[PDB]
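Visitor: Can you keep this structure in mind? I'll have questions shortly.
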Amino acid sequence: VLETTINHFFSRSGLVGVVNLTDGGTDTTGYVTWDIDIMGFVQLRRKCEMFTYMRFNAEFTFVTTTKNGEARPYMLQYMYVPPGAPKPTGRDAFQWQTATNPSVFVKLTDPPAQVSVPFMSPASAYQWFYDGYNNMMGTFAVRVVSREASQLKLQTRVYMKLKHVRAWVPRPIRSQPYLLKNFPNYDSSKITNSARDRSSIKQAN
Amino acid sequence: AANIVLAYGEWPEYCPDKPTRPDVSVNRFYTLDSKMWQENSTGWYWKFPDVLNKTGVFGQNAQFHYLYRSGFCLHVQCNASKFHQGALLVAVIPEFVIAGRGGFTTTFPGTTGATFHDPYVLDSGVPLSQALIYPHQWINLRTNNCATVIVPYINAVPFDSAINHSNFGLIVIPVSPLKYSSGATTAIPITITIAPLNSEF
Amino acid sequence: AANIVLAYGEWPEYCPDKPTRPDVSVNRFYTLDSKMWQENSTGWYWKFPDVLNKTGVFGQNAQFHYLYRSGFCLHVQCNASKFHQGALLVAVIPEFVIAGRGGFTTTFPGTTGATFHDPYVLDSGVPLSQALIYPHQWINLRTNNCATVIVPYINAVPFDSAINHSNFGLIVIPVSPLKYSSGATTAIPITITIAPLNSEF
Amino acid sequence: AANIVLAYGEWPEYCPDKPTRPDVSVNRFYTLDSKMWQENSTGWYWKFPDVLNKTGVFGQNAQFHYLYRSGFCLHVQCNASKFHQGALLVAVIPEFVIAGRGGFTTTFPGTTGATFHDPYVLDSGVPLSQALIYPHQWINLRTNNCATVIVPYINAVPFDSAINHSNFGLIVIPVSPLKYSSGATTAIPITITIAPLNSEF
Amino acid sequence: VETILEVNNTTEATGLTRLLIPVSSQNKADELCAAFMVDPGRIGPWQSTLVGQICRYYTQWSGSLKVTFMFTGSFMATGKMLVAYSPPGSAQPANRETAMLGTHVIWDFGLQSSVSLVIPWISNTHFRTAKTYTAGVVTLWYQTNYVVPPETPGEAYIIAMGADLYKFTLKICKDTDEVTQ
């Protein structure tokens, strides 16, 4: 009976996105920003759309490797830009020194960093259906900490885990392919069907 | 005959603690134009509070008053002879959102309402077979000609702007097409009635 | 400083026995445009209910509702320096009727009001010396700058049409012309305030 | 289903004080020939006591016995399918007098009764719209197929001659003409039943 | 005592037809069926009643009225009508919407066969008073289209009736304008 609880249903941290960082000195930006979006991959997206309103805390983990993947003692900076705050415009730009944006410093050889983000909304809950005229959680930014640009190539894999999930007003599960993010469009011309087809209605097997 | 569906099981109530709670002509029975339903039809939907944005004294109170709160009492009737056969699914969808098939009229149809293009998907891209997880009632001409649904105020914030945000919508979709032998009236009307409950401004 | 004139000595009351008795924004303080009074002036008058026929929510309730009943609270202020001298007679005339000097504007001046031609006769053909048999108050710049008059509902029928019948009127006539030494402000404003009392529709 | 109209609100009673008060077969149910009513009809009327002058044992007691007194119980039925539509006005007129359109058959039609020429004027020269000031009942095929009226004895003298004076009359006038789709029975019967009450001779 | 209003008064209708409010299934929803003044003492379709006739004997009256309607259709026909009363001072409503915006009754003859509406108040004053006039309008609106099963006529009639409530009063005896001699 336990595995059917909403809370157990959204648990089990998984990959919410991947960004590739490269330090090329001038030619490459040398940093990366990743906006927080639950809906990037459609697995969880289909599950969040099952409910109108939700509330929860987020827990993130950053797995990072270098190309072929061998690790070396370089320092990294994961800064969190809360909603309604400017994002770093450059590798060395002054936003990295802004104290209101929390940062975590970790050597690349270390076990991955974990961070907990609380419920950020002004409303009482997140809503992925708003009929009228969203839900910005924040953004993460990564760079390498050095005076001189260290030529390096990175990819970070963001694993997110929800905590203390509460839902309201369930919805039906989408039967049509997703055309694009942030809108529930569907192809009108071709319409997939809920169940497959059989020979005759009078025959079961 | 009293058979009533409380949405989610909660009576509309005034907000837990100054807003105005007018009832003289404010809370009373508003009846729309009737929809004439035919063999080839698709089915209809309405947006609230929108449908009342220009009506009576409520549309006036819907004007100004950038904060809005209320419930509703929805009654739906169908006048059909014993020789007509068919069924209607009457549902109430919070935050009902029409999508693109690839406009403000689709989002805000007004008093008349609008008709579906692809009802099977609800024009939300969602299977109609599952629409029954919503507060709903069947209108089946074989038994009942009328359905009544009570909707409390449902939102993630205690107050909102009635103009720019429609809280939910109402949907009548014929599941089984209207059928009649020749000579009977060829179009059956559907009447809609809205009674606000515990309105605040 | 409270000095108040009850007209004829009866507080406005609700009619002895359904009409509506609204107060939210209905009964509140309405303030008109101020009249700028000068040495050469004549003096002014207003017609009630008329002056409020287009105002606020009362003008709306004044619209429709072919039966009307109410009293009023009239406050009149004058802002003048100690170096201005003059006096105003403030009176209230039931069934005040302007006559011809041989128009609807004369009968229904509206919000702004109108000015007298021959104040000595009130433009009713009646001596102003005797105007004091009416509920009235002096505004004399030497002492008081403000006057307040309470008018009950006065009519020969319990209800009437606010649109086609003005019950009474208000009159400010300077008796002693405004005088000031040069350099002072040359025009003194007069403010009018109307508070309905026990309105019914 | 019992819905009964007491004429003027008084039960028939025996005369306040020897006359005979027979009941064995005297007071019982007399049923007339049925009238077949059609789309083009006018409507019918009867005269009492006349209609019974030759009937049963009452017509015999109606014979001789130059003094007569009694009330009545009138029941009127109509057998019609749910697919027929129309309405009948059933009234009772004291001292009902047919006039000339410029005969004894008109004054004394007998058992069969007679039909109107100009029902709109009742053929009395009197508007039918006002016929409702009489003890009356509607027969509307949509609801009730039968009407029942109780008539006390109404006269300016305690006794009279049943032969030469008819006290009153009964009137069935279709107000809304009979309508039916083709294939239904084209003529609807009307049955009449008279039960004397408190007869004296 | 309520009596029949003759609402069909026209050069066209002749016999009892003038007492009938025609209704068919040819009509469309939201369009007017019939409308008439409330003027028990004026000329119009009050002139067939007792009230209409008795008022002719008096100069001044006032009170409340009662207007009852009776539907004769087939038993299996059904539909909704809108019975609305516009008070004095206003013209008859332009459409159903503005009719629904005032005193009215939604009436489904499929269930209830007859409906009674009550005019709240009337008087005859300002006509004589200003001498030293509009009053009320009742309308009939199709809410739905008249619905009919197979093989039944599909045309019916409404029968208007009117009466005075106990509040109603009269004064100032006079004589009728009807009689010639």
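Residue numbering restarts at 1 in every chain; chains get A, B, ... in the order shown in the structure tokens, and ligands count up from 1 in that same order.
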For the structure I just gave you, how does DSSP split region 15-200 of chain A - specifically, which residues are strand (DSSP E)? Reply as an mmCIF file with N, CA, C and O atoms, in the first residue's frame.
Guide:
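After the write, out03.cif holds the following:
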```
data_model
loop_
_atom_site.group_PDB
_atom_site.id
_atom_site.type_symbol
_atom_site.label_atom_id
_atom_site.label_comp_id
_atom_site.auth_asym_id
_atom_site.auth_seq_id
_atom_site.Cartn_x
_atom_site.Cartn_y
_atom_site.Cartn_z
ATOM 1 N N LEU A 15 17.485 12.033 -13.537
ATOM 2 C CA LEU A 15 18.181 13.055 -14.303
ATOM 3 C C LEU A 15 17.187 14.037 -14.900
ATOM 4 O O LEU A 15 16.323 13.646 -15.689
ATOM 5 N N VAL A 16 17.295 15.311 -14.515
ATOM 6 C CA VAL A 16 16.441 16.350 -15.071
ATOM 7 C C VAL A 16 17.128 17.183 -16.135
ATOM 8 O O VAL A 16 16.501 18.092 -16.688
ATOM 9 N N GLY A 17 18.395 16.928 -16.428
ATOM 10 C CA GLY A 17 19.028 17.676 -17.495
ATOM 11 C C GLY A 17 20.536 17.577 -17.521
ATOM 12 O O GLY A 17 21.159 17.174 -16.537
ATOM 13 N N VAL A 18 21.134 17.968 -18.643
ATOM 14 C CA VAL A 18 22.574 17.876 -18.846
ATOM 15 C C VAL A 18 23.036 19.128 -19.565
ATOM 16 O O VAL A 18 22.422 19.540 -20.553
ATOM 17 N N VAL A 19 24.115 19.731 -19.083
ATOM 18 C CA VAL A 19 24.704 20.883 -19.745
ATOM 19 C C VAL A 19 26.200 20.659 -19.875
ATOM 20 O O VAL A 19 26.839 20.071 -19.000
ATOM 21 N N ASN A 20 26.756 21.130 -20.985
ATOM 22 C CA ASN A 20 28.164 20.935 -21.287
ATOM 23 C C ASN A 20 28.905 22.239 -21.073
ATOM 24 O O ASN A 20 28.599 23.242 -21.721
ATOM 25 N N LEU A 21 29.885 22.221 -20.180
ATOM 26 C CA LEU A 21 30.735 23.376 -19.927
ATOM 27 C C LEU A 21 32.066 23.133 -20.616
ATOM 28 O O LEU A 21 32.557 22.000 -20.651
ATOM 29 N N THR A 22 32.649 24.191 -21.154
ATOM 30 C CA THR A 22 33.976 24.144 -21.744
ATOM 31 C C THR A 22 34.695 25.425 -21.374
ATOM 32 O O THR A 22 34.110 26.507 -21.453
ATOM 33 N N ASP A 23 35.943 25.309 -20.950
ATOM 34 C CA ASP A 23 36.767 26.481 -20.696
ATOM 35 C C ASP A 23 37.721 26.609 -21.873
ATOM 36 O O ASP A 23 38.711 25.882 -21.970
ATOM 37 N N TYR A 31 31.447 29.027 -18.984
ATOM 38 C CA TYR A 31 30.483 28.736 -17.938
ATOM 39 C C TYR A 31 29.202 28.266 -18.598
ATOM 40 O O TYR A 31 29.059 28.318 -19.821
ATOM 41 N N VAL A 32 28.243 27.851 -17.776
ATOM 42 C CA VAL A 32 26.942 27.418 -18.264
ATOM 43 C C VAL A 32 25.884 27.776 -17.237
ATOM 44 O O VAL A 32 26.103 27.669 -16.029
ATOM 45 N N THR A 33 24.727 28.199 -17.727
ATOM 46 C CA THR A 33 23.543 28.365 -16.904
ATOM 47 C C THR A 33 22.512 27.329 -17.313
ATOM 48 O O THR A 33 22.416 26.968 -18.487
ATOM 49 N N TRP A 34 21.758 26.838 -16.338
ATOM 50 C CA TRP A 34 20.684 25.886 -16.584
ATOM 51 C C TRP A 34 19.474 26.328 -15.781
ATOM 52 O O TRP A 34 19.510 26.322 -14.548
ATOM 53 N N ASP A 35 18.407 26.714 -16.467
ATOM 54 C CA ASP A 35 17.197 27.092 -15.760
ATOM 55 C C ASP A 35 16.548 25.858 -15.169
ATOM 56 O O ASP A 35 16.612 24.769 -15.743
ATOM 57 N N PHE A 51 -1.801 16.269 -12.222
ATOM 58 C CA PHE A 51 -2.382 17.017 -11.124
ATOM 59 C C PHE A 51 -2.362 18.498 -11.448
ATOM 60 O O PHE A 51 -1.478 18.994 -12.146
ATOM 61 N N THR A 52 -3.358 19.201 -10.928
ATOM 62 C CA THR A 52 -3.457 20.628 -11.182
ATOM 63 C C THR A 52 -2.490 21.424 -10.319
ATOM 64 O O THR A 52 -1.803 22.319 -10.816
ATOM 65 N N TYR A 53 -2.422 21.114 -9.032
ATOM 66 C CA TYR A 53 -1.626 21.876 -8.087
ATOM 67 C C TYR A 53 -0.690 20.943 -7.347
ATOM 68 O O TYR A 53 -1.076 19.831 -6.985
ATOM 69 N N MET A 54 0.530 21.405 -7.105
ATOM 70 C CA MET A 54 1.503 20.613 -6.376
ATOM 71 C C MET A 54 2.383 21.522 -5.539
ATOM 72 O O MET A 54 2.529 22.713 -5.814
ATOM 73 N N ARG A 55 2.970 20.931 -4.509
ATOM 74 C CA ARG A 55 3.823 21.631 -3.568
ATOM 75 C C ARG A 55 4.887 20.662 -3.101
ATOM 76 O O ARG A 55 4.580 19.503 -2.812
ATOM 77 N N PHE A 56 6.120 21.140 -2.987
ATOM 78 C CA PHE A 56 7.213 20.236 -2.671
ATOM 79 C C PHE A 56 8.511 21.007 -2.542
ATOM 80 O O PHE A 56 8.585 22.200 -2.841
ATOM 81 N N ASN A 57 9.537 20.290 -2.112
ATOM 82 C CA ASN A 57 10.898 20.786 -2.054
ATOM 83 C C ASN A 57 11.753 19.985 -3.019
ATOM 84 O O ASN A 57 11.492 18.807 -3.270
ATOM 85 N N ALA A 58 12.771 20.631 -3.564
ATOM 86 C CA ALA A 58 13.629 20.013 -4.557
ATOM 87 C C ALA A 58 14.993 19.717 -3.961
ATOM 88 O O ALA A 58 15.520 20.488 -3.158
ATOM 89 N N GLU A 59 15.562 18.590 -4.369
ATOM 90 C CA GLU A 59 16.890 18.182 -3.935
ATOM 91 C C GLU A 59 17.682 17.794 -5.170
ATOM 92 O O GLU A 59 17.262 16.916 -5.926
ATOM 93 N N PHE A 60 18.811 18.453 -5.378
ATOM 94 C CA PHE A 60 19.588 18.308 -6.596
ATOM 95 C C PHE A 60 20.938 17.685 -6.298
ATOM 96 O O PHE A 60 21.472 17.813 -5.195
ATOM 97 N N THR A 61 21.493 17.017 -7.301
ATOM 98 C CA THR A 61 22.822 16.445 -7.192
ATOM 99 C C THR A 61 23.516 16.583 -8.533
ATOM 100 O O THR A 61 22.909 16.326 -9.576
ATOM 101 N N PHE A 62 24.775 16.992 -8.506
ATOM 102 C CA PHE A 62 25.525 17.327 -9.707
ATOM 103 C C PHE A 62 26.609 16.288 -9.941
ATOM 104 O O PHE A 62 27.593 16.237 -9.198
ATOM 105 N N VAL A 63 26.445 15.482 -10.979
ATOM 106 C CA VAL A 63 27.472 14.549 -11.418
ATOM 107 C C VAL A 63 28.164 15.176 -12.615
ATOM 108 O O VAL A 63 27.510 15.579 -13.581
ATOM 109 N N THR A 64 29.488 15.275 -12.557
ATOM 110 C CA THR A 64 30.256 15.979 -13.573
ATOM 111 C C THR A 64 31.468 15.157 -13.957
ATOM 112 O O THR A 64 32.103 14.544 -13.097
ATOM 113 N N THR A 65 31.799 15.157 -15.243
ATOM 114 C CA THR A 65 32.946 14.421 -15.745
ATOM 115 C C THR A 65 33.628 15.248 -16.817
ATOM 116 O O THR A 65 33.086 16.240 -17.306
ATOM 117 N N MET A 75 38.702 23.127 -9.008
ATOM 118 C CA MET A 75 37.645 23.687 -8.186
ATOM 119 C C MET A 75 36.488 24.151 -9.054
ATOM 120 O O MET A 75 36.685 24.729 -10.124
ATOM 121 N N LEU A 76 35.273 23.897 -8.590
ATOM 122 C CA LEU A 76 34.082 24.296 -9.314
ATOM 123 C C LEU A 76 33.193 25.120 -8.402
ATOM 124 O O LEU A 76 33.289 25.055 -7.175
ATOM 125 N N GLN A 77 32.326 25.911 -9.019
ATOM 126 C CA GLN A 77 31.407 26.775 -8.296
ATOM 127 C C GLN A 77 30.020 26.585 -8.871
ATOM 128 O O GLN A 77 29.791 26.863 -10.050
ATOM 129 N N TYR A 78 29.105 26.106 -8.049
ATOM 130 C CA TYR A 78 27.699 26.036 -8.405
ATOM 131 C C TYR A 78 27.007 27.160 -7.658
ATOM 132 O O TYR A 78 26.894 27.112 -6.432
ATOM 133 N N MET A 79 26.552 28.172 -8.377
ATOM 134 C CA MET A 79 25.816 29.247 -7.744
ATOM 135 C C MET A 79 24.349 29.120 -8.109
ATOM 136 O O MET A 79 24.007 28.707 -9.218
ATOM 137 N N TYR A 80 23.492 29.435 -7.156
ATOM 138 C CA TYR A 80 22.058 29.405 -7.363
ATOM 139 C C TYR A 80 21.518 30.820 -7.444
ATOM 140 O O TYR A 80 21.667 31.606 -6.507
ATOM 141 N N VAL A 81 20.901 31.142 -8.571
ATOM 142 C CA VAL A 81 20.298 32.449 -8.782
ATOM 143 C C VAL A 81 18.814 32.326 -8.456
ATOM 144 O O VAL A 81 18.071 31.680 -9.205
ATOM 145 N N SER A 103 26.259 29.997 -3.212
ATOM 146 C CA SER A 103 27.174 29.211 -4.012
ATOM 147 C C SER A 103 27.735 28.088 -3.163
ATOM 148 O O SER A 103 27.763 28.162 -1.933
ATOM 149 N N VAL A 104 28.186 27.044 -3.837
ATOM 150 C CA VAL A 104 28.858 25.932 -3.188
ATOM 151 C C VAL A 104 30.143 25.652 -3.947
ATOM 152 O O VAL A 104 30.152 25.629 -5.180
ATOM 153 N N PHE A 105 31.232 25.473 -3.213
ATOM 154 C CA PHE A 105 32.547 25.248 -3.790
ATOM 155 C C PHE A 105 32.978 23.823 -3.499
ATOM 156 O O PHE A 105 32.955 23.390 -2.345
ATOM 157 N N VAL A 106 33.370 23.099 -4.541
ATOM 158 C CA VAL A 106 33.753 21.705 -4.386
ATOM 159 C C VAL A 106 34.833 21.375 -5.399
ATOM 160 O O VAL A 106 34.801 21.841 -6.540
ATOM 161 N N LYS A 107 35.799 20.575 -4.969
ATOM 162 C CA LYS A 107 36.790 20.044 -5.883
ATOM 163 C C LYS A 107 36.155 18.972 -6.753
ATOM 164 O O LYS A 107 35.335 18.178 -6.294
ATOM 165 N N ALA A 113 27.943 17.062 -5.230
ATOM 166 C CA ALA A 113 27.349 17.988 -4.284
ATOM 167 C C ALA A 113 25.836 17.856 -4.283
ATOM 168 O O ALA A 113 25.214 17.674 -5.328
ATOM 169 N N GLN A 114 25.252 17.930 -3.095
ATOM 170 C CA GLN A 114 23.811 17.945 -2.937
ATOM 171 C C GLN A 114 23.371 19.297 -2.415
ATOM 172 O O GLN A 114 24.092 19.959 -1.666
ATOM 173 N N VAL A 115 22.171 19.690 -2.818
ATOM 174 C CA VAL A 115 21.579 20.962 -2.435
ATOM 175 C C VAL A 115 20.079 20.762 -2.335
ATOM 176 O O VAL A 115 19.488 20.020 -3.121
ATOM 177 N N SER A 116 19.463 21.417 -1.359
ATOM 178 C CA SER A 116 18.021 21.370 -1.176
ATOM 179 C C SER A 116 17.443 22.748 -1.441
ATOM 180 O O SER A 116 17.854 23.726 -0.812
ATOM 181 N N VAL A 117 16.490 22.823 -2.354
ATOM 182 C CA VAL A 117 15.796 24.063 -2.686
ATOM 183 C C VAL A 117 14.387 23.985 -2.117
ATOM 184 O O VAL A 117 13.667 23.026 -2.409
ATOM 185 N N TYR A 126 2.439 25.245 -6.817
ATOM 186 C CA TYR A 126 2.743 25.346 -8.231
ATOM 187 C C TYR A 126 1.535 24.879 -9.017
ATOM 188 O O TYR A 126 0.804 23.991 -8.577
ATOM 189 N N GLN A 127 1.320 25.483 -10.179
ATOM 190 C CA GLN A 127 0.247 25.066 -11.066
ATOM 191 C C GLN A 127 0.771 25.043 -12.489
ATOM 192 O O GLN A 127 1.294 26.046 -12.980
ATOM 193 N N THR A 139 17.723 29.189 -11.086
ATOM 194 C CA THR A 139 18.694 28.817 -12.101
ATOM 195 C C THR A 139 19.996 28.449 -11.409
ATOM 196 O O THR A 139 20.319 28.991 -10.352
ATOM 197 N N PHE A 140 20.733 27.518 -12.001
ATOM 198 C CA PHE A 140 22.079 27.206 -11.555
ATOM 199 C C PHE A 140 23.080 27.641 -12.609
ATOM 200 O O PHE A 140 22.787 27.617 -13.805
ATOM 201 N N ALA A 141 24.263 28.025 -12.155
ATOM 202 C CA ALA A 141 25.358 28.401 -13.030
ATOM 203 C C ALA A 141 26.628 27.752 -12.518
ATOM 204 O O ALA A 141 26.821 27.628 -11.307
ATOM 205 N N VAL A 142 27.494 27.339 -13.436
ATOM 206 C CA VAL A 142 28.716 26.634 -13.083
ATOM 207 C C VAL A 142 29.883 27.295 -13.795
ATOM 208 O O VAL A 142 29.745 27.751 -14.933
ATOM 209 N N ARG A 143 31.025 27.359 -13.121
ATOM 210 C CA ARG A 143 32.263 27.765 -13.759
ATOM 211 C C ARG A 143 33.409 27.048 -13.069
ATOM 212 O O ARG A 143 33.224 26.373 -12.056
ATOM 213 N N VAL A 144 34.600 27.229 -13.598
ATOM 214 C CA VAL A 144 35.811 26.745 -12.957
ATOM 215 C C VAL A 144 36.435 27.915 -12.225
ATOM 216 O O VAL A 144 36.479 29.033 -12.747
ATOM 217 N N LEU A 152 39.593 22.948 -20.508
ATOM 218 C CA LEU A 152 38.919 21.791 -19.952
ATOM 219 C C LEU A 152 37.541 21.704 -20.582
ATOM 220 O O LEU A 152 37.018 22.708 -21.066
ATOM 221 N N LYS A 153 36.953 20.514 -20.567
ATOM 222 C CA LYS A 153 35.635 20.293 -21.149
ATOM 223 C C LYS A 153 34.827 19.445 -20.182
ATOM 224 O O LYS A 153 35.267 18.365 -19.778
ATOM 225 N N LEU A 154 33.649 19.925 -19.822
ATOM 226 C CA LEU A 154 32.845 19.312 -18.785
ATOM 227 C C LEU A 154 31.431 19.078 -19.276
ATOM 228 O O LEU A 154 30.933 19.789 -20.151
ATOM 229 N N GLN A 155 30.787 18.074 -18.701
ATOM 230 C CA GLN A 155 29.342 17.982 -18.730
ATOM 231 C C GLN A 155 28.876 17.690 -17.319
ATOM 232 O O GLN A 155 29.494 16.890 -16.612
ATOM 233 N N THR A 156 27.814 18.354 -16.907
ATOM 234 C CA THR A 156 27.236 18.156 -15.590
ATOM 235 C C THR A 156 25.898 17.472 -15.795
ATOM 236 O O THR A 156 25.151 17.821 -16.713
ATOM 237 N N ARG A 157 25.593 16.502 -14.949
ATOM 238 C CA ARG A 157 24.311 15.830 -15.024
ATOM 239 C C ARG A 157 23.526 16.119 -13.758
ATOM 240 O O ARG A 157 23.932 15.721 -12.664
ATOM 241 N N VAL A 158 22.414 16.821 -13.902
ATOM 242 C CA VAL A 158 21.636 17.286 -12.764
ATOM 243 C C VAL A 158 20.593 16.239 -12.422
ATOM 244 O O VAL A 158 19.679 15.978 -13.212
ATOM 245 N N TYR A 159 20.723 15.646 -11.245
ATOM 246 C CA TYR A 159 19.758 14.687 -10.735
ATOM 247 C C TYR A 159 18.937 15.348 -9.646
ATOM 248 O O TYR A 159 19.486 15.782 -8.629
ATOM 249 N N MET A 160 17.632 15.434 -9.864
ATOM 250 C CA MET A 160 16.727 16.122 -8.960
ATOM 251 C C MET A 160 15.803 15.119 -8.291
ATOM 252 O O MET A 160 15.441 14.103 -8.886
ATOM 253 N N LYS A 161 15.424 15.416 -7.051
ATOM 254 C CA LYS A 161 14.539 14.568 -6.267
ATOM 255 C C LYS A 161 13.554 15.447 -5.520
ATOM 256 O O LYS A 161 13.963 16.378 -4.821
ATOM 257 N N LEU A 162 12.271 15.154 -5.661
ATOM 258 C CA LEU A 162 11.248 15.908 -4.958
ATOM 259 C C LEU A 162 11.116 15.405 -3.531
ATOM 260 O O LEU A 162 11.438 14.254 -3.237
ATOM 261 N N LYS A 163 10.637 16.266 -2.640
ATOM 262 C CA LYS A 163 10.423 15.876 -1.256
ATOM 263 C C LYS A 163 9.161 16.529 -0.725
ATOM 264 O O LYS A 163 8.865 17.679 -1.056
ATOM 265 N N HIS A 164 8.426 15.787 0.102
ATOM 266 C CA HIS A 164 7.206 16.282 0.736
ATOM 267 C C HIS A 164 6.197 16.753 -0.299
ATOM 268 O O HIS A 164 5.735 17.891 -0.268
ATOM 269 N N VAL A 165 5.854 15.875 -1.222
ATOM 270 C CA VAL A 165 4.992 16.252 -2.330
ATOM 271 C C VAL A 165 3.541 16.206 -1.883
ATOM 272 O O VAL A 165 3.117 15.273 -1.195
ATOM 273 N N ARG A 166 2.774 17.217 -2.273
ATOM 274 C CA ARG A 166 1.340 17.249 -2.060
ATOM 275 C C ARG A 166 0.661 17.717 -3.336
ATOM 276 O O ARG A 166 1.123 18.653 -3.987
ATOM 277 N N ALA A 167 -0.439 17.060 -3.693
ATOM 278 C CA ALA A 167 -1.107 17.329 -4.954
ATOM 279 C C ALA A 167 -2.586 17.598 -4.728
ATOM 280 O O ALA A 167 -3.138 17.283 -3.673
ATOM 281 N N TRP A 168 -3.220 18.179 -5.739
ATOM 282 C CA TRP A 168 -4.625 18.543 -5.683
ATOM 283 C C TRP A 168 -5.229 18.481 -7.075
ATOM 284 O O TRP A 168 -4.551 18.741 -8.070
ATOM 285 N N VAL A 169 -6.520 18.164 -7.128
ATOM 286 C CA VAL A 169 -7.301 18.229 -8.359
ATOM 287 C C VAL A 169 -6.621 17.416 -9.451
ATOM 288 O O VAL A 169 -5.951 17.985 -10.325
ATOM 289 N N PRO A 170 -6.710 16.095 -9.414
ATOM 290 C CA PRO A 170 -6.050 15.286 -10.438
ATOM 291 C C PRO A 170 -6.620 15.538 -11.821
ATOM 292 O O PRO A 170 -7.761 15.974 -11.979
#
```
Visitor: Write out as a ChimeraX atom specification which residues come within 10 Å of residue 54 (chain B) when counting only C-alpha atoms, dropping same-chain ones fewer than 6 positions away.
Guide: /B:60-63,110-111
Visitor: Write the residues of the preceding selection, restricted to N, CA and C atoms, as an mmCIF file, in the first residue's frame.
Guide:
```cif
data_model
loop_
_atom_site.group_PDB
_atom_site.id
_atom_site.type_symbol
_atom_site.label_atom_id
_atom_site.label_comp_id
_atom_site.auth_asym_id
_atom_site.auth_seq_id
_atom_site.Cartn_x
_atom_site.Cartn_y
_atom_site.Cartn_z
ATOM 1 N N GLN B 60 -21.271 43.818 -13.515
ATOM 2 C CA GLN B 60 -20.833 45.096 -12.972
ATOM 3 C C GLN B 60 -19.892 44.893 -11.794
ATOM 4 N N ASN B 61 -20.289 44.055 -10.836
ATOM 5 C CA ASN B 61 -19.394 43.743 -9.728
ATOM 6 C C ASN B 61 -18.192 42.943 -10.201
ATOM 7 N N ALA B 62 -18.363 42.136 -11.250
ATOM 8 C CA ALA B 62 -17.210 41.515 -11.887
ATOM 9 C C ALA B 62 -16.266 42.576 -12.432
ATOM 10 N N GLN B 63 -16.819 43.668 -12.950
ATOM 11 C CA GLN B 63 -15.993 44.811 -13.286
ATOM 12 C C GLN B 63 -15.479 45.467 -12.012
ATOM 13 N N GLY B 110 -17.070 33.851 -23.925
ATOM 14 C CA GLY B 110 -18.146 34.757 -23.590
ATOM 15 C C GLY B 110 -19.415 34.032 -23.187
ATOM 16 N N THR B 111 -20.536 34.729 -23.374
ATOM 17 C CA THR B 111 -21.815 34.207 -22.906
ATOM 18 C C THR B 111 -22.256 32.996 -23.711
#
```
Visitor: Of the residues B:96, B:116, B:72, B:83, which is the one nearest to residue 152 (chain B), using only C-alpha atoms?
Guide: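 Among the listed residues, the smallest separation from residue 152 (chain B) belongs to B:72.
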Visitor: Could you list, as a ChimeraX atom specification, every residue of chain D that has an atom within 7 Å of an atom of chain E, counting only C-alpha atoms?
Guide: /D:82-87,120,129-130,132-133,140,142,175,179-181
Visitor: List the spatial neighbours of residue 128 (chain A) as a PyMOL selection string - criterion: any atom at most 10 Å away, only C-alpha atoms, same-chain residues fewer than 6 positions off excluded.
Guide: (chain A and resi 39+45+48-54+134-135+182-183) or (chain B and resi 95)
